[PDB]
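# Examination of the molecular architecture
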Amino acid sequence: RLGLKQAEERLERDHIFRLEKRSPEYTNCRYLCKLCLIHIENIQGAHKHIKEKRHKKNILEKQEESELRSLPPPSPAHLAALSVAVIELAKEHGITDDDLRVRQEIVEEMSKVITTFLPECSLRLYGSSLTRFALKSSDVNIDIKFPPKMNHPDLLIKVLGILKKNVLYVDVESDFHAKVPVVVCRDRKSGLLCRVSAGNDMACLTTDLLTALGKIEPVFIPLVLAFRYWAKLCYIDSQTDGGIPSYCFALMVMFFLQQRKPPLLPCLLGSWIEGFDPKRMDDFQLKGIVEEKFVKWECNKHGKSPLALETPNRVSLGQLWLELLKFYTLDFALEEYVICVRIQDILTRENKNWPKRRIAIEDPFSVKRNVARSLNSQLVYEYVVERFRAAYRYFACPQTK
Amino acid sequence: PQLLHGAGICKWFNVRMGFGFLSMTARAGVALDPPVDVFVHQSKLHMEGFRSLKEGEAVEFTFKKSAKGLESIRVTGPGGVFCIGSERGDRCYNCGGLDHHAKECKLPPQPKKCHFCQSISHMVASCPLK
RNA sequence: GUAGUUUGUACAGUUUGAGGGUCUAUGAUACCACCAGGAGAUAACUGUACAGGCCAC
Ligand SMILES: [Zn+2]
Ligand SMILES: [Zn+2]
Ligand SMILES: [Zn+2]
């Protein structure tokens, strides 16, 4: 009797979880695998599921994180080594404010080249570059302002051809088929890409938000630089290939600082708005950045919200880096929530009605759609979690010369 | 085919080095009385795989003349069948049974019986009777 | 809330590559013996869903 129960518990050791009373549609199944998130018919199905090939991927995939999770916390020498590594990443080839001077002048050169024959237009630096929330080899986000007596896809015809006859740059992709039609360029001084978008005001507002946070908090730049670089080496930052957007990585690390108690950034909505309700959070729509320490808001009444605290970081950067990797490898349950840095408590998928079997992330000035829908394949999802696993494996591992 | 056939019974057979001896009841289709000794070797054996005989099973063969007992050119079982080998596609991990596998043996699962002491505690490869 | 349209992915049976210390090796009496604790690895047909996803309501 009970020996058969202990042997089906030996099946449960390989992640088969039984039920006794079930939903009428779930009457078909006595078991479930929480790794595969798929209901399982019976004890024979459990015997099947211990052989089942996705579960074998799921078993090893789940067992992998326990190693890195057990890998040791940094010693003071290890802390110094981690800090030295991330600052030399940030400085030697990462885009600091000093390198941002070069990238801003590159954006100015793009403006010069394009507005040589589109003088009414104007090109605006924004995105991960301008924030200093950057990476070593990066693409500058450039935004065309244009008079609205013309169509921006039509205007991109007048944008592309100069670059298609340019003498300064390489990598001129005719990237009209992107969701925002752009023309791409590679500056050859920095050796790095450039992307010429237009009219993306909400991205520029989030850019000013993150730049204000970096003005308040220094670690901001170094930490995200590091994270982005890592994701790139790990090819997670390519949103077209089932990955996560870099903008979304920036908001991800902002959420990390927003939740790593004591949180080194302050949240945008709360009790200082007297009579605020998080259950009608959408009504409290934010507006433009004020003084690079505040963000505005307005509804149909309006005001501003603080982006600062009374003291900056006084904790070692390597500790911040290791716990930043620990946050989005082991702490933030990627599939259960939206990365929602509008609110201290995490906003769920069904709170914005989005599906669940991937990460969800929101734009700060547009909570309309998930900007993390690119993960859909569970194989690519397991690959991304495996890259995060390799991150928290190596960077928790001590070294030898 | 040859005229040099024969038949009889196995005297003995080593599996590992692959030779033995036979005692023959027939020679070239002619019956014999008393039986004669005739060799068997794995280079002479017709079977595939690890060619071996049960040490006493019935056989058929072909021969040629030899001093240390007759030498076989070919050896088979009776009627040309494959020889057995010394008589002593895997054990079902639900029950230990060779004849079935996982979905072939869908009975409710069992804990680890140590086969050396016949108790459900551990594994026979860790039991010190080895 | 329920469909017609196929994908990887579990898939259920079939057909399956190894049958798994497989491998092995002394030409005239020595083999067998003596270390397993692990739900058994791909391509094809077929039965359903996951969820990506086509045409609708
Ligand atoms: Zn499973
Ligand atoms: Zn069996
Ligand atoms: Zn024992």
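Residues numbered from 1 in each chain as written, not as in the entry; some residues may be left out. Chains lettered and ligands numbered in written order. Heavy atoms only, no water.

Structure determination for this PDB entry is given in the record as cryo-EM, at a resolution of 3.82 Å.

The PDB entry annotates chain B as Protein lin-28 homolog A originating from Homo sapiens. In its PDB record the entry is named "Cryo-EM structure of hTUT4_mini:hLin28A:pre-let-7g miRNA_UUU, conformation 2". As its UniProt record puts it under Sequence similarities, chain B is described as follows: "Belongs to the lin-28 family." (UniProt positions renumbered as here; feature names shortened; annotations may be inferred.)

The PDB entry lists chain A under the name Terminal uridylyltransferase 4, with Homo sapiens given as the organism.

What follows is about the overall build of chain B. Helix and strand counts for chain B stand at zero helices and five strands. Along chain B, helices and strands appear, N-terminal first, in the series β-β-β-β-β. Relative to a compact globule of 130 residues, whose C-alpha radius of gyration would be 14 Å, chain B shows 21 Å and is clearly more extended. Taking the principal axes of the C-alpha coordinates as reference, chain B spans close to 60 × 35 × 25 Å. Taken across its 130 residues, chain B has 29% of its residues classed as buried. With 17 positive and 11 negative side-chain charges, chain B shows a spacing of 7 Å between the two charge centroids. (Helix = DSSP H or I, 4+ residues; strand = E, 2+ residues; numbered from the N terminus. Rg over C-alpha atoms; globule rule 2.2 N^0.38 Å. Buried < 20%, exposed > 50% of the residue type's maximum accessible area, 1.4 Å probe, protein only. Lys, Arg positive; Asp, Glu negative; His and termini not counted. Charge placed at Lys NZ, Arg CZ, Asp CG, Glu CD.)

Quick look at the coordination of the zinc ion (ligand 2) now. Residue and element names in this part refer to chain B. Donor atoms from the polypeptide that bind the zinc ion (ligand 2) are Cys92 (SG), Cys95 (SG), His100 (ND1) and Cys105 (SG), placed at 2.0 to 2.3 Å. Because the angles between the four donor atoms bound to the zinc ion (ligand 2) fall within 101 to 123 degrees, the donor set is best described as tetrahedral. Written as a sequence motif, the donor arrangement for the zinc ion (ligand 2) is C-x2-C-x4-H-x4-C. Judged by its relative accessible area of 2%, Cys92 is buried. (Donors = N, O, S within 2.8 Å, 3.2 Å for Na, K, Ca; no water. Tetrahedral: all angles 85-135°; square planar, octahedral: opposite > 155°, others 65-115°.)

This part covers the UniProt feature "domain: CSD" in chain B. Per the UniProt record, "domain: CSD" is annotated on residues 5–78 of chain B. With 0% helix and 59% strand, residues 5–78 of chain B has its two end C-alpha atoms placed 12 Å apart.

On to a nonpolar patch on the surface. All names here are of chain B. Together, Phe116, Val124 and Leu129 make up an exposed nonpolar region whose accessible area comes to about 270 Å². Looking at the element boundaries, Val124 is found in the segment after strand 5 (71–76). For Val124, a relative accessible area of 35% gives the class partly exposed. (Patch = residues over 30% accessible without salt bridge, like charges linked within 9 Å, V, L, I, M, F, W, Y side chains within 5 Å. Areas by Shrake-Rupley, 256 points an atom, 1.4 Å probe, with all protein chains shown as cover. Salt bridge = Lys/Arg side-chain N within 4 Å of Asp/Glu carboxyl O.)

What follows is about the nonpolar core. For soluble globular proteins, nonpolar side chains are generally found buried alongside one another. A:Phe227, A:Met254 and A:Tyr328 are the most contacted members of the largest nonpolar core, which totals 106 residues. Here this core gets 10 residues from one element, more than from any other, and that element is helix 10 (residues 246–259) of chain A. Among all residues touching A:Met254, those that are not within four sequence positions of it are A:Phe133, A:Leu209, A:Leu210, A:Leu213, A:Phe220, A:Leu265, A:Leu268 and A:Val341. Membership of the second largest hydrophobic core comes to 15 residues, among which are B:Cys10, B:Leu22, B:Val59 and B:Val75. (Core = buried A, V, L, I, M, F, W, Y, C linked by side-chain atoms within 4.5 Å. Contact = heavy atoms within 4.5 Å.)

A few words now on the coordination of the zinc ion (ligand 1). All names here are of chain A. In this structure, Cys33 (SG), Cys36 (SG), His49 (NE2) and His55 (ND1) serve as the protein donors to the zinc ion (ligand 1), at separations of 2.0 to 2.3 Å. Between the four donor atoms coordinating the zinc ion (ligand 1), the angles at the centre fall across 92 to 125 degrees, so the site counts as tetrahedral. With a relative accessible area of 0%, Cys33 lands in the buried category. Its relative accessible area of 3% is what places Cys36 among the buried residues.

To continue, consider the layout of surface pockets. Estimates place the volume of the largest pocket at around 1700 Å³. Lining the largest pocket are 42 residues, with A:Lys179, A:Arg195, A:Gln239, A:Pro245 and A:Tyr247 positioned closest to its centre. Sorting the residues of the lining of the largest pocket by element identifies helix 6 (127–131), strand 5 (139–145), strand 7 (192–198), helix 8 (201–216), helix 9 (220–233) and helix 10 of chain A as the ones contributing at least two each. Element by element, the count of residues in the lining of the largest pocket is highest for helix 8 of chain A, at four residues. Residues of the lining of the largest pocket, tallied by class, amount to 16 nonpolar, 14 polar and 12 charged. Of the volumes computed, that of the second largest pocket is approximately 1100 Å³. Every residue lining the second largest pocket is counted, 30 residues in all, and those nearest its centre are B:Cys92, B:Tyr93, B:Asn94, B:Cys95 and B:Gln110. For the lining of the second largest pocket, the element with the highest residue contribution is helix 1 (residues 2–13) of chain A, accounting for six residues. Counted by class, the lining of the second largest pocket contains 12 nonpolar, nine polar and nine charged residues. (1 Å grid on protein atoms, 1.4 Å probe; cavity = no way out; pocket = protein on both sides within 12 Å on 5 of 7 lines; lining within 4 Å. Points joined across faces, edges and corners; volume = space filled by probe spheres on them. Nonpolar A, V, L, I, M, F, W, Y, C, P; charged D, E, K, R; others polar.)

So, on to the domain arrangement of chain A. What the domain assignment reports for chain A is domain 1 (2–51) and domain 2 (234–394). If you average the C-alpha positions of domain 1 of chain A and of domain 2 of chain A, the two centres end up 36 Å apart. (Domains from an automatic or database assignment.)

On to the packing of aromatic side chains, then. The relative placement of two aromatic rings is captured by the distance of their centres and the angle of their planes. Scanning the entire structure with this criterion turns up 20 aromatic pairs over all chains. The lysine or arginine in question, A:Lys34, covers the ring of A:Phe17, its NZ or CZ lying 4.4 Å from the ring centre. (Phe/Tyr/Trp six-rings, centres within 6.5 Å; stacked < 30°, edge-to-face > 60°. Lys NZ or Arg CZ within 6 Å of the ring centre and 35° of its normal.)

Sheet topology places strand 1 (residues 5–14) of chain B next to strand 4 (residues 58–64) of chain B; five bridges connect them, and they run antiparallel. In the strand pairing of strand 4 of chain B, B:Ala7 is matched with B:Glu60. (Pairing = 2+ DSSP bridges.)

This paragraph deals with the pattern of salt bridges. Once their charged atoms are close, side chains differing in charge can pair, the charge on each being opposite to the other. All names here are of chain A. Taken as a whole and judged by the stated rule, the model has 22 salt bridges over all chains. One salt bridge connects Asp187 with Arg103, and the closest N-O pair in it is separated by 4.0 Å. Residue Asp187 is found in strand 6 (residues 183–187), and its partner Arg103 is found in helix 5 (residues 97–115); the two are separated by 84 residues along the sequence. Here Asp187 matches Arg103 in class, with each residue buried. When the shortest N-O distance is used, the salt bridge between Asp139 and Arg195 registers 3.0 Å. Here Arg195 lies in strand 7 and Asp139 lies in strand 5, a separation of 56 residues in the sequence.

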